[PDB]
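Peer 1: This is the structure alone, sequence omitted:
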RNA sequence: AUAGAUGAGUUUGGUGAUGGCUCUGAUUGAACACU
RNA sequence: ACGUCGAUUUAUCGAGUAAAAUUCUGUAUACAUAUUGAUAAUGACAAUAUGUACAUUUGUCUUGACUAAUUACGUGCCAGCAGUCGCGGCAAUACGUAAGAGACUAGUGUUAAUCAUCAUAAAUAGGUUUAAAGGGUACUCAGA
Ligand SMILES: [K+]
Ligand SMILES: [Mg+2]
Ligand SMILES: [Mg+2]
Ligand SMILES: [Mg+2]
Ligand SMILES: [Mg+2]
Ligand SMILES: [Mg+2]
Ligand SMILES: [Mg+2]
Ligand SMILES: [Mg+2]
Ligand SMILES: [Mg+2]
Ligand SMILES: [Mg+2]
Ligand SMILES: [Mg+2]
Ligand SMILES: [Mg+2]
Ligand SMILES: [Mg+2]
Ligand SMILES: [Mg+2]
Ligand SMILES: [Mg+2]
């Protein structure tokens, strides 16, 4: 698997903010409070789309995609 | 046990377990040839009931074992050269061996249609 | 909408307070099924003890146990008893547990270990169901002493609730506990 | 072990987690108990420490 | 100032003791203990250089939620700085005078950091608090007084002037109590510090250990504003209150408090003493004949130069910022090292321990200073030789951001009267409720309503006397 | 996922060959991976050989198939980037759950995490 | 010897298991070494040596112990301040490794593996919250301190 | 090179952020491990000889 | 070499333990039976 | 072949896109040619490359649970099955037939053996009140 990383974030931040607090990051209010307040809290500093999971389980038969006869079919 | 007790040799191998077919397990052979000494019948123990066809065989090594005759109906008698393989009749004491039915003198069940490989039955060759 | 024509979910519809259609979206699975027997003055009385796990697949798992002379009623009891006992289970990156946990339930010790992503649920047949229902995807397990089906599930459920909270360990020691994988990639790589 | 597991000191920690997310994935968490915010800033005292 | 710029700016200069200050870190608590009981925990360059790097470091961590500063012994919290040492350096040529200016530079850099700190700061005033000790507390939002507290600024008696920013805290005190405490260098003990307004809370010294263990249990959320954090600590301090004494009455209150406002409202010491002479004169209606007489005996025993300079900044300090104060005080205290009164008063009272008679100021008395004289004009002109004080940060403010945790003063009572229709007795109750029955609110509010409250329309309403 | 349009393949080829721009610049300009930019040129060079050798191309099969797949025309109308060009390979060492105990006020950077 | 560290590991557990505020340990050069490591790691509150009775808790840090001569060395003792947070002790487990019957020595190449949750030798990987103390030339450090200083030594105990 | 690096890390200064964030341990307890002989041993022995008599 | 650690059937009126046996995985310089 | 076969609800459920048929390829192999194994020269024998040509078998185990996969009839603790628990005493999903189903395949099963399972001789890493297992006792040389 791979991980997308944009250069804009790296240039500004060096990952220190990710360790703020007790090592995991600055905590945010619960969801049932953000809907109550009128103004939305400031967005967290991190890479774009850095909370969606990756489908590792669906790469079981990836080795078969390396065969020459399969690659001709996928093309 | 303390490290000292282990230094003096406290860890010994576990007591051996008896094999299902000692005559074959002892010499690492899959099967042996023997001369049928007696073809009789053995009765199962408490739960089971019936007449199990067995055969007293004298192996080539010299051991005299009791083998079980699988299938329905056999054609062996006194002085029959039969092939012995491992196995055991779970309800017959002393019957710790089986006899191959496609063996030298023991014939296979001719009226067998399922699991012919287990009873040494050639295919009927109906169309052929 | 006719989903519950028997009325078994009505009593549960008040405790947890959610539609019956939402109760059918929960992952349920019968784990244990014992045939117990009580000797009475009127002869043996055989019952069916069952343990069912309920989870939505996003960090909630409930364990329920019940018994009855009928196998059908015993499963519906535990199912309702497991959906109302749901509790949030902390999961690291929504894929594994925090660190390692070792629990003991009357001679049945269970040792769960956190594993890197892409490792899979290389666990036994009962833990696979609990992890697959709670939302975990990478884990390792090992039964040290005994393999009793029931205590095996009780110990594993108590282990998913006895995980070391990395923040409580930090405030107690006065020292940060940095998530190296978070700083390295700039966020929680799920 | 004639005693019982009393978790009276963690009613907030437990209630705060059960109210953070919703059991029905895909919906916002419902409002928490009316007492969750009252004792938000009044933690319990340390007990059982000789 | 990062962790590296601080360590290089506060190097452990040769001579600094290893255990001058004793730091500690609990769950959420960070303590600071001035460990020098032999000298009443007197501040010095060695101690200041150990506290500034820590405070800067704890400011970058979100796990440290409450800071506490306290003393070591059971007698003093911080009994002034090493003023006796600066006198010797001042007598070693210009090279030695700059060392004194450097010391005041470090001290002002620390007090400013404490005034603009981004975390709750508490001060256990369990002992005598003078000089440098008054700098570590007055700017903090919480100042816990006890039975052992002895507040004072014995700075005009040694020829010196007020201190690290009392010139910013005193002007905006209720009425003219600020200049009074400075010029006369009064001595407030125990609960009188709580009533005067210097201290925000008053607990018994035996309940301070239990208070710390509680401040550590508090674990605020990262998304809480500083206002929420200070409110949670304010309600936690009020839980350990055993109640103010039942017999001790407000010292500066009623008659004495009115006299302070009638004799310290002028801009010239000649008029102030002239007004006091009227009070001391038998037959006056003020009723402070004994007090006025005692105050005069103390005003004619201090350096007349400091009085002029002191009163001068009390009128100017009402418009300066917290940061502008330190910068001006540095350029101001830099010229006091060159003066004759300071080097004389310190030597004649601390090094000589009163030997060779009392101090002998360059001007014998205020009478010598002619009316046209304006000696309080050179100490307010920064020279180019002394570089401008470089503070650790740019934070500043004209009024304290969070300084309303103490007892209600005239400003609060006024705001209530001007925004309501409360009566004499119904107004006192309004404060006992909002303050959650804080000890001493009924006695403090009643006093304010006994000096600046007139029963114009009867029991229906109450108005102020100024009109 | 969209595939490089026929006319788009030429834009990448002409930029690297005619204008002689570095592959990295072309990869970052159109948000195309350097591994794909190099393949587009290799495959395009084989076309020049076929056209030079007077070989018949599979034009009937190319036009019909390209109508079944999503395309991304580069140049002016660049709605979205073709793909992610900064994807990093997940090293086995960086997959471990590590909680290093450090000072409460430490500036843990990516460099420090790599050493952990 | 190592027998003292083993007794110290068991006692600190029994004291935390009993939820005691203070704990006493025999005043030895070896015990003070590990105690400073636990304090530097954040498990115990403070360390001050005193007589058979604990110092005044109000002035624990300010406590000024008397000199340790042959006239009182037989009565001295190390008083440790235990920690409890969130209804749970901070020093729950202190499982030892190097016992009197066998001293386990680890290399830098092995500690680097144990520091990331991978077994090496007679040790096991460290998980979240766990901690391993090693006695080396530079004092009784932590496996992550010894890995930074690039040294091995004698493994003392594992703390959870 | 591997010897200098291995020797440079074993004699490196403690991290500043880890020096400013550590509780103070009095030197009287963390460094006074030497146990000298009682200076008054000769006096106590003489006095103890009288009392025992 | 950093992905590598997994269980199942079976004693009891029944539950929980203890302790074997057997199956599940890989293999052979293998033999036999049916092909 | 708008046929056939097995079930049955004559239209349901299947054999079944299966077959036949049509359109292509020329795989193992056959043959030819060339190079090469080798060079100073020597080729027993064959490999490699290219050209042309051909569409060539099914077999076997299992089907109560462990263990993926069902009914019918016959048999009646008989005959037999079984790696373990077990099945069979006249309406047997476990035996023997028939059909269907599950799976491996020029292999498929069985027997024998080895490792792992087994922390089941535990150095890593066990245990001994009531379950295998504390010596009748502790002074003591060696030894830890
Ligand atoms: K004090
Ligand atoms: Mg049997
Ligand atoms: Mg069949
Ligand atoms: Mg069969
Ligand atoms: Mg019984
Ligand atoms: Mg067992
Ligand atoms: Mg060919
Ligand atoms: Mg030759
Ligand atoms: Mg099945
Ligand atoms: Mg049985
Ligand atoms: Mg059958
Ligand atoms: Mg083959
Ligand atoms: Mg005995
Ligand atoms: Mg004997
Ligand atoms: Mg005996």
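Peer 2: Perfect, thanks for sending it. Numbers count the residues shown, from 1 in each chain, chains lettered A, B, ... in the order given. Ligands and ions are numbered 1, 2, ... in the order given.
Peer 1: Report the buried residues of stretch C:47-67.
Peer 2: Buried residues in stretch C:47-67, counted by 16 or more other C-beta atoms under 10 Å in any protein chain shown: C:47-56, C:58-67. Every residue, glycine included, has its C-beta placed from N, CA and C.
Peer 1: Name the nearest residue to residue G:52, ignoring sequence neighbours.
Peer 2: residue G:75 (5.6 Å; C-beta to C-beta, 6 or more residues apart in numbering or on different chains).
Peer 1: Can you tell me the centre-most residue of chain H?
Peer 2: Residue closest to the average C-alpha location in chain H (C-alpha atoms, centre = their mean): residue H:31, at 1.8 Å.
Peer 1: From chain F, how far out is that residue?
Peer 2: According to C-beta to the nearest C-beta, to the nearest Å, residue H:31 stands 23 Å off from chain F.
Peer 1: quick one: that residue and residue E:227, what's the gap?
Peer 2: 45 Å (C-beta to C-beta, to the nearest Å).
Peer 1: One more: residue D:29?
Peer 2: Distance, residue D:29 to residue E:227, using C-beta to C-beta: 26 Å.
Peer 1: quick one, which of the two is more surrounded?
Peer 2: Looking at residue D:29 and residue E:227 with other C-beta atoms under 10 Å in any protein chain shown, you find the greater number of neighbours at residue D:29, namely 17 against 9.
Peer 1: dump the residue contacts of the more buried one.
Peer 2: Going by C-beta atoms under 8 Å, 6 or more residues apart in numbering or on different chains, residue D:29 touches A:30, A:31, A:32, D:19, D:20, D:21, D:22.
Peer 1: neighbours around whichever residue of chain F sits closest to RNA strand J, how many?
Peer 2: When scored by C-beta to the nearest atom of the strand, chain F has residue F:61 as its residue closest to RNA strand J, at 15.7 Å. Counted by other C-beta under 10 Å, the residues lying close to residue F:61 total 9.
Peer 1: where's it relative to ligand 1, distance?
Peer 2: From residue F:61 across to ligand 1, the span is 92 Å (C-beta to the ion, to the nearest Å).
Peer 1: and that residue, what element?
Peer 2: helix F:59-66 (DSSP states H and E).
Peer 1: and if you look at residue G:53?
Peer 2: Here residue G:53 is assigned to no helix or strand, by DSSP H and E.
Peer 1: burial count for it?
Peer 2: By other C-beta under 10 Å, neighbour count at residue G:53 equals 10.
Peer 1: Then residue H:53?
Peer 2: The tally of other residues near residue H:53 (other C-beta under 10 Å) stands at 5.
Peer 1: check contacts around it.
Peer 2: Counting by C-beta under 8 Å, 6+ apart, residue H:53 has no contacts.
Peer 1: From ligand 1, how far out is it?
Peer 2: Residue H:53 sits 49 Å away from ligand 1, going by C-beta to the ion.
Peer 1: Where does the stretch 101-250 of chain E get nearest to RNA strand I, residue-wise?
Peer 2: Nearest to RNA strand I, among the residues of the stretch 101-250 of chain E, is residue E:222, at 30.5 Å (C-beta to the nearest atom of the strand).
Peer 1: swap that for the stretch 301-450 of chain E, sorry
Peer 2: For the stretch 301-450 of chain E, C-beta to the nearest atom of the strand, closest residue to RNA strand I: residue E:392, 41.9 Å.
Peer 1: residue contacts, residue E:396?
Peer 2: E:116, E:321, E:322, E:323, E:324.
Peer 1: which residues sit against stretch B:34-44?
Peer 2: Looking at what lies outside stretch B:34-44 - C-beta under 8 Å, 6+ apart - the contacts are B:49-60, B:64-67, B:69, B:74, B:76-84, B:89, B:91-92, B:94-95.
Peer 1: near chain G, anything from the top helix by length along chain H?
Peer 2: The residue-count maximum for a helix in chain H (DSSP state H) belongs to helix H:41-52. Yes. With C-beta under 8 Å from any C-beta of the partner chain as the measure, helix H:41-52 is seen reaching chain G through H:41, H:44.
Peer 1: Check chain B for the residue nearest chain A and tell me.
Peer 2: Using C-beta to the nearest C-beta, the single residue of chain B nearest to chain A is residue B:117, 34.1 Å away.
Peer 1: Could you measure from that residue over to chain D?
Peer 2: In terms of C-beta to the nearest C-beta, residue B:117 sits 54 Å off from chain D.
Peer 1: Excluding covalently adjacent residues, which one is nearest to the most centrally placed residue in chain A?
Peer 2: Taking C-alpha atoms, centre = their mean as the criterion, residue A:50 is the residue nearest the geometric centre of chain A, at 1.9 Å. Nearest-residue entry for residue A:50: residue C:187, 3.4 Å, with adjacent residues in sequence omitted and distances by C-beta to C-beta, 6+ apart.
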